[PDB]
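Enquirer: the data below comprise the sequence and an experimental structure of the protein.
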Amino acid sequence: XXXXXXXXXXXXXXXXXXXXXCXXXXXXXXXXXXXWXXXXXXXXXXXXXXXXXXXXXXXXXXXXXXXXXXXXXXXXXXXXXXXXXXXXXXXXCXXXXXXXXXXXXXXXXXXXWXXXXXXXX
Amino acid sequence: XXXXXXXXXXXXXXXXXXXXXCXXXXXXXXXXXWXXXXXXXXXXXXXXXXXXXXXXXXXXXXXXXXXXXXXXXXXXXXXXXXXXXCXXXXXXXXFXXXXXXXX
Amino acid sequence: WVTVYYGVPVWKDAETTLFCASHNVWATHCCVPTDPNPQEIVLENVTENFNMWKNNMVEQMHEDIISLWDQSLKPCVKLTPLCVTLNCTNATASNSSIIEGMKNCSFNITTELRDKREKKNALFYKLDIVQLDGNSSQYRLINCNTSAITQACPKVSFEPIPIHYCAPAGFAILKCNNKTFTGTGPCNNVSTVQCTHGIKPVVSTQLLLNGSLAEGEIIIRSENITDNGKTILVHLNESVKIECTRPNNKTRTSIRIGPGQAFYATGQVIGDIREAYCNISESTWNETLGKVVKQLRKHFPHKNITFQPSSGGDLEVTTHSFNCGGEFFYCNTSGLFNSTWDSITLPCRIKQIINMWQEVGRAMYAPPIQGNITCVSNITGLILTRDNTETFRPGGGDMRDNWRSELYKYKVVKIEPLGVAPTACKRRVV
Amino acid sequence: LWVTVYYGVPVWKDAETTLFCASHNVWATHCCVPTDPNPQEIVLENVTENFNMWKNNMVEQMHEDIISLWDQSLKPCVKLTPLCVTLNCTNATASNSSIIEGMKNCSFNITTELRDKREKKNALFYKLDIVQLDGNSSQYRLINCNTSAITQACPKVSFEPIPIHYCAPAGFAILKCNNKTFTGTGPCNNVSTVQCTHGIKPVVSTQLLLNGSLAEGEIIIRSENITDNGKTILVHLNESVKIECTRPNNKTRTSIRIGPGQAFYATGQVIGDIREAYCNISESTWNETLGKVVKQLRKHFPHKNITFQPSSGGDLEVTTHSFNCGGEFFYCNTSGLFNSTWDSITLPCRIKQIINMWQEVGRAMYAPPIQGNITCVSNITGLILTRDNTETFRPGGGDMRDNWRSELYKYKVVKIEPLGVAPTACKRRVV
Amino acid sequence: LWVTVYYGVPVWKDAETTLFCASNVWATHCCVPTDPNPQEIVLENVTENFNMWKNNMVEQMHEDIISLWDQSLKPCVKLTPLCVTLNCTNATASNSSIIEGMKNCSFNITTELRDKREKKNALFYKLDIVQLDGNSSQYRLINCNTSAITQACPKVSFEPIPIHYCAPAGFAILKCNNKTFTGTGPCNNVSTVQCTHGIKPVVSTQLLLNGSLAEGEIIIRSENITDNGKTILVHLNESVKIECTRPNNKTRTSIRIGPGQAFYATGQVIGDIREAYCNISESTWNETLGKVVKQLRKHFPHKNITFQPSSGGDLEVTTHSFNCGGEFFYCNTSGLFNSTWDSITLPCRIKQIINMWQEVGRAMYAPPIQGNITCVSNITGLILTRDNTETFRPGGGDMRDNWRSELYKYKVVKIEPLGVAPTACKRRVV
Amino acid sequence: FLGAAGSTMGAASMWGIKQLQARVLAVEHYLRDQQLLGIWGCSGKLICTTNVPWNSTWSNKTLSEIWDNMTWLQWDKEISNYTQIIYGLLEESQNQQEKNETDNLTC
Amino acid sequence: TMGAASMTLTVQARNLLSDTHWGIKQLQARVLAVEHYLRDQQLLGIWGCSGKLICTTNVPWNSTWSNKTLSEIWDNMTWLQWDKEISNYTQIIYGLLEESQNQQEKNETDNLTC
Amino acid sequence: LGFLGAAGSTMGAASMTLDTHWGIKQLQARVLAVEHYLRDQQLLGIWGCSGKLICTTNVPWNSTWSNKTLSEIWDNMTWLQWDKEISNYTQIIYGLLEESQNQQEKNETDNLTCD
Ligand SMILES: *[C@@H]1O[C@H](CO)[C@@H](O[C@@H]2O[C@H](CO)[C@@H](O[C@@H]3O[C@H](CO)[C@@H](O)[C@H](O)[C@H]3NC(C)=O)[C@H](O)[C@H]2NC(C)=O)[C@H](O)[C@H]1NC(C)=O
Ligand SMILES: *[C@@H]1O[C@H](CO)[C@@H](O[C@@H]2O[C@H](CO)[C@@H](O[C@@H]3O[C@H](CO)[C@@H](O)[C@H](O)[C@H]3NC(C)=O)[C@H](O)[C@H]2NC(C)=O)[C@H](O)[C@H]1NC(C)=O
Ligand SMILES: *[C@@H]1O[C@H](CO)[C@@H](O[C@@H]2O[C@H](CO)[C@@H](O[C@@H]3O[C@H](CO)[C@@H](O)[C@H](O)[C@@H]3O)[C@H](O)[C@H]2NC(C)=O)[C@H](O)[C@H]1NC(C)=O
Ligand SMILES: *[C@@H]1O[C@H](CO)[C@@H](O[C@@H]2O[C@H](CO)[C@@H](O)[C@H](O)[C@H]2NC(C)=O)[C@H](O)[C@H]1NC(C)=O
Ligand SMILES: *[C@@H]1O[C@H](CO)[C@@H](O)[C@H](O)[C@H]1NC(C)=O
Ligand SMILES: *[C@@H]1O[C@H](CO)[C@@H](O)[C@H](O)[C@H]1NC(C)=O
Ligand SMILES: *[C@@H]1O[C@H](CO)[C@@H](O)[C@H](O)[C@H]1NC(C)=O
């Protein structure tokens, strides 16, 4: 059912924070632990993340996450520090545990990926 | 798990079993995951954690023991004509560039 | 000649108010300490007539428990503003299925400011949600058309502690010490105490949990055994271990519905797909019934008997209803009471808006509990209704049975120190 | 000669204490204590005991207990605050004429058991309780809502005038006056001691005292000072005057859900026979009764052509004869009786739904409609008069305490003082 | 050699009980009259141990005051319907400028009818209002998201009257008459009383206003002195006059907020000069403080003492406060306690939403008082805390510390009339 | 406490509202019994003889049949319907004793 | 001559001892009945009359308030008249009764007898 | 003199002895005052006396208890000190007072003093 929107697009100044947000759709934004693909020209690797599901947020593997799960606004948000010009690649948003009930522990990849959008730092 | 799958873009007309086996330092915490794309689009889950199938999967295969996560892709032919890569959902925010094993 | 005596050791049947002696509601209310060295005095050659079915100590316990329960619940969050139409759909699992027994409901709730309403959602148990129209997704909470629903305070524990009922000055409690006493008639071995032993209040239907055990074999107790219009209490001399669990970990969402009015509801469920279940050893249960049957047939000889499931009514009477770690379980006992004359799993349901009292003027809402729950308890007796062959069913009751089964040994009497007797000695004057 | 001390001495003093009552009804529930099936009375010899009904504290205690019970009983009931919305009102057309005169048909938008939903509901209401919001407008509100808490009386509890005996606590006694012509104040030279009063029915009315005691004397006129025009005159009769009050119609009740087990009751329709209410008072009985009252007034007011006039003004509570006829509150016009110079008379009467009841008006009671017709048969046992050359009397009144004072004029409470002080006999019992 | 029993023996044991209150709310509640000529009894050759820090009368007076405060506020107008978004701007005055401390707020409320709404205006203090957004004129009242706010009934001033606490039968109150008593230990000049003297329940923080002055020289009382965590109560033997005022002329309106109930909103401010201020004579303050230091140096000799003005903590801690004419003043004392060892004006602010005591439920709304307000009070003592020479801070403390300064001379004792002593006499005639 | 309750006379030897009601009643019962002993002139005694003769109408059995052979509890039942008679007689005998003590020219 | 009345002293004495708002009122009534009972018993006790409905003392029966008595005439038919004539001195008489008992104790505390 | 008067008196100079919430508190205070009064009276009655200021009984002193002569303990010590100096022997004295009265009740049980 889920139809995550592409992140707000940007053409940021170099080393500007990569501030963007992905509108949520056809999912509970109140659950749905979310992640921001760590987009790159070759392949995304690792992610920034936040979850309404656990009242929590976490640091990115690089730069910063500055992530939030704005369940109230029906949107994912992040603003990684020091966006590199090389960061100008599209990042999809997706979430895990969007279900009413989970048959397993939270140790699985999200599949509902957004069309994505790039920030041309 | 900050290591790549042993992929070399091996491919075939059928049964393109490029089983790179998500060799992510043999420490995926049995949360190996697979996705693939043949388009300028987000990759779709190819397989669920470890040996589990992706929802609405077809022409696919998977296995894992936090290591040696062989994924022969069943006997997949046209279905296998996509770039594909491994990830460890529960370990080091790991991702393998893996390879464009897209026949 | 008449002689006046004072301090004569005699008494009369009497009804008085007994006092209750020892976060926890029971501990908070029954603040009066117990006697660390209680005494019991055997009365040589005293015959006393007891009747557990006419014992006002049972009614007193019933009334005081309800009063405490109401006092405890009263100063808590009201759920009135949540009595709105709900938009409910299928509680989709992470599995390619719908978890049964749950609904995913959304609604427009007024918040702290009266100018704002927000769309909130929560998962609810199917049992507490009622459909407003056929062929419709619109639902209401089950009790919003009948009475107020109040959320129990998360800071208040209802876990029972042993309660001692104590006579006031001028009164004493007589206790029956005949191990084979059946609840009515004379007891030929009695003693006097000031306080009862500690009885944990237990709320349970069908099966009697965490009580005392019988001595001298299993005792079948009834107001009238012949009369099939009355309840039979079976008091066991050996317990049956029962282990109940909820094999999941719930996470909850907090919705503010007023000025500090925090409402809690299930946000998500992580865990197994079985909502709840109870584990009863098979051989233990099978031996227990054989012994119960041996005793039932001494009252109903040369007849075959059978055990059947409860015949009808709502969950409180048809299932085994109990409090497990603050959660409310309604277990299916048809797996036990199905026989004619290694373990057994009883599937269980969970409910959040409950009554458990004959009064429906107010309902309690049980907020979700985080973490997994395991309860181990002792089955000390059975509540049976009798209905050639005889049929016994694990029927319900007025919840007084959970006190009648412990208070059957006690009677309250008034002490009457004055009396007169004849002599042959005229008062000397000056 | 030295002092002897005695205990158990038959001495008493005036006192004010708490009295208790003795026998789904509200009074039966509260005044749960049984009466003495074999009550005693002790006759006193030559005790010129002073009685004063006007200052008698038993009246005030009875008044306060009545108010307390009334409120205690009404409190655990449905509030009507949810109905205080603008009402859209038109003509009530239950009759063939399309007019029923005293009532209006009002529609309103009220929240149901679903807090997010409101529905258009309607009911018939009496004009006496509906307030117009502005001129030339169909927009109305319930009377007194903006100034008070209006609570619906619950059908689950009965209210009727069950006679109640008031009993003294241990250490106290009630003295009773048995002088047939005592007349309110002064020494009563034929008195006795009792533990409980006779049963007094808590009947509430404004002009004519109903279902009370009859006087031993033909008519007795009681006042603090009959020549003082600032005080109320209570006239007790030795004969009952029968009055039959009728509401010759049948109301169809409807029910509006307003909350979680909360519902409002209202008239949905009226079946027929337009006269709203009326009372039948015997004509010949009244003429004789009123003339007898005058004969007694002439001994205080020795003037010819003494007159009677209707209550001079104020709201219905003081201009009409108010009573509870059986769930309905009647406000009847007695100007047809109190108009004279010294087979039946029909008194026009109206029905009201929101009742102030007492002098305290920060709250009000709403009387649900009563299904079926009412024929209340009662007798006048006394009249309440006030006074303005030749004097004029009117059916005026007090603070509704007169209603119990009129029965509690024979009783007073005294404290028993069993310890004596110092009579003398003997010396001292030394060794 | 033989035992004799005596009854009516004038001896006693330390005890705690319930004292009764004897001679608005204060006179209404403490309706019981007092003895116009209390018969104080001097006890020859009696030494008693007093302890003002452990004296439960302080706690009892505190709890009774809270109960009365709440009983008085309870049957009054609720301000629940005012939890709406307020659209606020910068308030003006008869002086065509801006009042820095006031906001002019417009809002939509329920009127007499439930289906109607009206737009109303009211003035509020900056300290009564919190923003719902950043750079946007959207506000709420400060306690809306915490608790209900109840408006005090205008008919009750709560003006302190002397309160006497009286012993119940079987009890007596002992009084210490040592003019240099330090609050604890033996008192070698004692007497008994029926009731305490009349203590006005005056509420303040840093400076104790009103009550009696010390008979002796300035006495510094502390539970420990050495422990910097303890409250130091300085009881002066000479008062300091303090004159406080709100020179502005206020006017108010009345907003119906539903049937029956109405809100006493502030209408307008005219004659605006200063929100509030207090005047303390300079010479008096300097000598008074110097004398306090002279005494502090007897505990901390050979040190040059300084003060640290206004301490730290919240408004209720760092700012002096009192009820003046019904309005609540929050005055800046930093110019009084910044010294090193003709008048000083202390700037002062006003609040409408009041939260005295540690409980923030039942917040009180103080209706505005029309016209201008002046109060003259007596500074009778200081509350100081400690923290290379010693540094002292003015500061608040538990509200209980306010009555410790009045009740330090009194103790509750139970009279024990029965006792036994030797005679060497045996009962006659067996 | 009760001791040999099961013995013959021949062996005889020596929330806030509810709580307040219980305390008050304990006091009322205590005082009622003490007042009654005072009325009979038995204040302070555990055993008090009187000037009222034993009536055969209350019991026509002799002392060897009443004492030694009857349980206190049985005895109270046997004469339960005379308690109010004996008590009335006891009060009057004390009243007569006072009448004589309080006669004049005596002290 | 109030002779017969002495035999009713017992009858009167035995009659002295046997909805939240209501509950308070009922408890107050019960408590006060007890307090009144005990106040009288305590007073008879301090005067040395415990256990007696009728007792005698040694007091001056002072001429400053006591006039000459008569041969069972003065010793009035009505108790309520004495309540108006003798009672005027209750506040002095009760004090005399306590002092007379205090004097008896002083004469025999522990100075005489054993 | 006063209610306690010379509380600080030497034993040798002892001389002789001589609205709902509020409603609940007041009722409790009244009830307790009554209970304390009655307990003292009941306690004296069971020791063989009432109506007395001073009672003499059949109970000897231990003489190990004070371990002092009467000429000092019933002399140079204040009643207030007397209480302090009992040294947790009060319950012993009371038990002994009950035992001696019980012995008297046993000796008076035959009760043959009759017509
Ligand atoms: C009538 O009822 C009586 C109870 O009121 C029974 O008496 C009880 O018998 C028990 C066994 O003999 C005693 O237990 C022992 O008590 C001593 C201390 O008294 C302990 O040291 C022992 O360990 C304990 N025994 C065990 C196995 O734990 C009870 O104390 C005793 N109770 C009382 C109040 O005396 C009578 O036996 C019973 N009579 C009949 C005919 O059934
Ligand atoms: C120990 O405590 C005693 C009180 O409990 C003190 O006694 C008080 O001494 C005062 C004089 O210093 C007396 O003042 C008198 O009061 C009357 C009131 O009506 C006036 O007329 C007199 O003029 C006035 N005396 C003078 C000299 O002005 C108090 O009345 C008296 N209190 C009592 C109850 O007797 C002791 O002084 C005190 N001792 C020590 C060492 O501090
Ligand atoms: C310390 O004690 C003094 C009195 O010794 C208190 O001052 C008094 O305070 C009250 C209330 O503010 C004043 O009452 C008002 O007076 C005006 C006069 O116009 C009247 O209109 C009001 O209705 C009300 O009655 C009182 O006059 C004032 N007394 C004096 C002498 O000025 C002072 O408030 C106390 N301090 C503290 C902190 O409690
Ligand atoms: C009692 O509880 C245990 C778990 O605590 C249940 O054990 C599992 O049962 C399933 C049945 O299909 C087996 O596949 C699992 O391997 C068992 N687990 C373990 C650890 O042994 C047990 O079944 C319960 N009792 C009953 C009657 O169901
Ligand atoms: C009142 O108005 C309603 C409007 O639907 C109508 O159905 C009803 O018949 C009317 N009743 C009377 C008495 O006018
Ligand atoms: C508050 O705003 C209203 C807006 O109509 C204005 O009339 C009023 O004078 C203002 N009051 C103050 C003190 O600014
Ligand atoms: C510092 O202390 C000395 C005494 O040691 C004193 O004389 C002096 O006045 C003090 N300083 C101040 C500023 O008061």
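Expert: Everything's here; your move. Numbers count the residues shown, from 1 in each chain, chains lettered A, B, ... in the order given. Ligands and ions are numbered 1, 2, ... in the order given.
Enquirer: and residue C:368, how far is that from residue C:330?
Expert: 17 Å (C-beta to C-beta, to the nearest Å). Every residue, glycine included, has its C-beta placed from N, CA and C.
Enquirer: repeat for residue C:184
Expert: Residue C:184 is 33 Å from residue C:330, by C-beta to C-beta.
Enquirer: which one of the two has more residues nearby?
Expert: More crowded of residue C:184 and residue C:330, by other C-beta atoms under 10 Å in any protein chain shown: residue C:330, with 20 against 17.
Enquirer: looks to me like the more buried one is in a helix.
Expert: No. Counting by DSSP: H, G, I helix; E, B strand; the rest coil, residue C:330 is not found in a helix; it is strand.
Enquirer: tell me what it is bridged to.
Expert: residue C:321, residue C:349 (DSSP bridges).
Enquirer: show me the contacts for it.
Expert: C:315, C:316, C:319, C:320, C:321, C:348, C:349, C:350, C:351 (C-beta atoms under 8 Å, 6 or more residues apart in numbering or on different chains).
Enquirer: what about the first one, how many residues nearby?
Expert: Just to be clear, that refers to residue C:315. 16.
Enquirer: leaving out the residues flanking it, which one is nearest to it?
Expert: Closest residue in space to residue C:315, ignoring its immediate chain neighbours: residue C:330 at 4.6 Å, by C-beta to C-beta, 6 or more residues apart in numbering or on different chains.
Enquirer: cool, and residue C:216?
Expert: residue C:179 (4.0 Å).
Enquirer: the one you found and residue D:57, how far apart?
Expert: Distance from residue C:179 to residue D:57, by C-beta to C-beta: 63 Å.
Enquirer: residue C:66 and residue C:355 touch, don't they?
Expert: No. Look at residue C:66 against residue C:355 with C-beta atoms under 8 Å: they stay out of range, at 11.3 Å.
Enquirer: show me where the stretch 151-300 of chain C has helices.
Expert: C:282-296 (DSSP state H, counting those that start in this stretch).
Enquirer: remind me, longest strand of chain C?
Expert: As assigned by DSSP state E, the longest strand anywhere in chain C is strand C:231-256.
Enquirer: list the buried residues for the longest helix belonging to chain C?
Expert: Looking across chain C with DSSP state H, the single longest helix is helix C:56-73. Neighbour-count burial for helix C:56-73, with 16 or more other C-beta atoms under 10 Å in any protein chain shown as criterion, is recorded at C:57, C:58, C:60, C:61, C:62, C:64, C:65, C:68, C:69, C:72, C:73.
Enquirer: tally up the residues packed near residue 36, please.
Expert: Picked chain A for this. Around residue A:36 there are 29 residues (other C-beta under 10 Å).
Enquirer: oops, I was thinking of chain F
Expert: 19.
Enquirer: tell me the SS of it?
Expert: helix.
Enquirer: now whichever residue of chain C sits closest to ligand 2: closest residue in space that isn't a chain neighbour?
Expert: Residue of chain C nearest ligand 2, by C-beta to the nearest ligand atom: residue C:31 (40.4 Å). Once flanking residues are discounted, residue C:31 sits nearest to residue C:22: 7.3 Å by C-beta to C-beta, 6+ apart.
Enquirer: what's the spacing between the one you found and residue D:243?
Expert: 65 Å.
Enquirer: now residue C:176
Expert: From residue C:176 to residue D:243 the distance is 66 Å (C-beta to C-beta).
Enquirer: now residue C:116
Expert: 60 Å.
Enquirer: picking up where we left off before, give me the contact status of the longest strand of chain C with chain A.
Expert: Yes. Applying C-beta under 8 Å from any C-beta of the partner chain, one finds strand C:231-256 touching chain A at C:251, C:253.
Enquirer: hmm, that strand touching chain D?
Expert: No. Strand C:231-256 is not in contact with chain D by C-beta under 8 Å from any C-beta; minimum separation 14.9 Å.
Enquirer: could you give me the buried positions within that strand?
Expert: In strand C:231-256, the ones that count as buried by 16+ other C-beta under 10 Å are C:231-236, C:239-240, C:242, C:244-246, C:248-253, C:255-256.
Enquirer: whichever residue of chain F sits closest to ligand 6 and chain C: what is the separation?
Expert: Of all residues in chain F, residue F:16 sits closest to ligand 6, at 51.2 Å by C-beta to the nearest ligand atom. Residue F:16 is 12 Å from chain C, where distance means C-beta to the nearest C-beta, to the nearest Å.
Enquirer: ok, residue F:106 next?
Expert: The value you get for residue F:106 to chain C, if C-beta to the nearest C-beta is used, is 12 Å.
Enquirer: what secondary structure does that residue sit in?
Expert: coil.
Enquirer: which residues touch it?
Expert: So residue F:106 contacts residue D:426 (C-beta under 8 Å, 6+ apart).
Enquirer: swap in residue C:11?
Expert: Contacts of residue C:11 (C-beta under 8 Å, 6+ apart): C:172, C:413, C:414, C:415, C:416, F:2.
Enquirer: now render those residues as a markdown table, adding neighbour count.
Expert: Formatted as a markdown table, the contacts of residue C:11 follow (neighbours: other C-beta atoms under 10 Å in any protein chain shown):
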| residue | neighbour count |
| --- | --- |
| C:172 | 21 |
| C:413 | 19 |
| C:414 | 16 |
| C:415 | 20 |
| C:416 | 16 |
| F:2 | 17 |
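Enquirer: which pair in these spans the largest distance?
Expert: C:414 and F:2 (12.7 Å; C-beta to C-beta).
Enquirer: what's the local residue count around the residue of the stretch 301-430 of chain C found nearest chain A?
Expert: Per C-beta to the nearest C-beta, residue C:370 is where the stretch 301-430 of chain C lies closest to chain A, at 12.0 Å. By the criterion of other C-beta under 10 Å, residue C:370 has 9 neighbours.
Enquirer: with residue C:132 instead?
Expert: 13.
Enquirer: looking at the stretch 201-350 of chain C, what residue ends up closest to chain A?
Expert: Closest point on the stretch 201-350 of chain C to chain A, by C-beta to the nearest C-beta, is residue C:269, at 4.2 Å.
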